[PDB]
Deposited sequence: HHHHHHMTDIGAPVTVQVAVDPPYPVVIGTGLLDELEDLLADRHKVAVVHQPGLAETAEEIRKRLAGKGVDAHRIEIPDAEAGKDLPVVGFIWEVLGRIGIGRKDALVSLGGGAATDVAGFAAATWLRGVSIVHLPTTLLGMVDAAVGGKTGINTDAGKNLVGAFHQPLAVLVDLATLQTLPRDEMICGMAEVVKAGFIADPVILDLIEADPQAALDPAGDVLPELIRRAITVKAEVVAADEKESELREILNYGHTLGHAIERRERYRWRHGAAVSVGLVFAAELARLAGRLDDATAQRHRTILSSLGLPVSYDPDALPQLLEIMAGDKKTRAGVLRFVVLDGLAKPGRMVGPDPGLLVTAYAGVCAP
């Protein structure tokens, strides 16, 4: 029943996709003398059940609770984890387990990376974003005095367990958040993602349907191909304007909403440049709006956004699933593209 995607890295590691993955989690960490589970506030009950079940197999399983969301990622939360790993006596051969969204995976991933020079971690992402993006591929990031995610270590996890059952509690808004990243994968590597969504957009958003599991298999396949690959740049499709919008709105905008405007922008850029056909360009706008994602932003915001973007690089499409670059485009071309969008 459970599908797996191997990431072809040294050593290779699996992303496992299915429903109720406790058995698989047991198989992996049964031999570990100790295990700590870093979870967001809302998942304490799911944490306890991992701990109970691990404790059951003769394992000193512990659990640690971090602040939700972006606060679970500040440097003092990392300090906090460190101390606790200290008191528990977590050693070189033991393991961490992350339970939550991208923020939980980042911070736990960072702590694992920097504890005794790196200890095993299994990610159990529980947002769609965390599932298709944050948990896959070994980049970690934390929030420090320096900014957001400038600090972070590179550390691949032992495995990633993508348990579709966990999505049943996830709200519409966060589901739509992460779909923006999924659409991005559709345009840059796998157009079947696009056809699956197109066929019924509301069914794409239902965690209980046939469509979502396949969307996640595919978006994760795309990300695993990239990280086993500089091409890692393609995953920034839509993030140049995206991130600027996120900044300008002081992080109130859901990441995915900002990426969504970015994609529609990137598409207009490549269209005006004669690199992308009108039909594929227009398809950005129609897929994203129909999922409830934003396709426009304040038409007066461009000057402030150009300032934040501090020459510029964009990922553009040179045709469906053929990403290229545009480096230092003319400001007036950025103006014109912005108009068309906004």
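Chemist: Counting from 1 along the deposited sequence, what's missing?
Modeler: Gaps in the modelled chain, taken against the deposited sequence, lie at 1 to 11, 241 to 245, 327 to 334, 367 to 368.
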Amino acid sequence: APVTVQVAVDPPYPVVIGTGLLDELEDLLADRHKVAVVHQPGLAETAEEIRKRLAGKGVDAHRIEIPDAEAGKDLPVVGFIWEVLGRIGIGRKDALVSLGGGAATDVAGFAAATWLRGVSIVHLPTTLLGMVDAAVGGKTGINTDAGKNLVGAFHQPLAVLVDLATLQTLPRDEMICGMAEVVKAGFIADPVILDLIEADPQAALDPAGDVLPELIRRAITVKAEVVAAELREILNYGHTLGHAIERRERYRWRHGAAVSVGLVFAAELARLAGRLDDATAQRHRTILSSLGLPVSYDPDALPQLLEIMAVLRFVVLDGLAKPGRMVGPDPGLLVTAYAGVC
From here on, numbers count along this sequence of modelled residues.
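Chemist: Regarding 267 to 275 and 137 to 145, which shows the higher C-alpha temperature factor on average in the entry?
Modeler: Mean CA B-factor is higher for 137 to 145.
Chemist: Check the entry's C-alpha temperature factors for 327 to 335 and 18 to 26, then say which stretch has the higher mean.
Modeler: Higher of the two, by average CA B-factor, is 18 to 26.
Chemist: For the CA B factor values reported in this entry, which option in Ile287, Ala47, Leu317, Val295 has the top one?
Modeler: Of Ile287, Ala47, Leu317, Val295, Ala47 has the highest C-alpha B-factor.
Chemist: Report the third (lowest, middle or highest) to which the CA temperature factor of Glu246 belongs, ranking only the modelled residues of the same chain.
Modeler: Its C-alpha B-factor belongs to the middle third of this chain's values.
Chemist: Which third, lowest, middle or highest, does the C-alpha temperature factor of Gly209 belong to within its own chain?
Modeler: As the PDB entry reports it, the C-alpha B-factor of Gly209 lands in the highest third of its chain.
Chemist: Grab the CA temperature factor for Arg172 from the record and place it in the lowest, middle or highest third of its chain.
Modeler: Its C-alpha B-factor belongs to the highest third of this chain's values.
Chemist: Can you tell me whether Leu85 has a C-alpha B-factor in the lowest, middle or highest third compared with the other modelled residues of the same chain?
Modeler: According to the entry, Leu85 has a C-alpha B-factor in the chain's highest third.
Chemist: Taking the values exactly as deposited, rank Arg117 by C-alpha B-factor within its chain and report the matching third: lowest, middle or highest.
Modeler: Lowest third - that is where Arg117 ends up once the chain's C-alpha B-factors are sorted.
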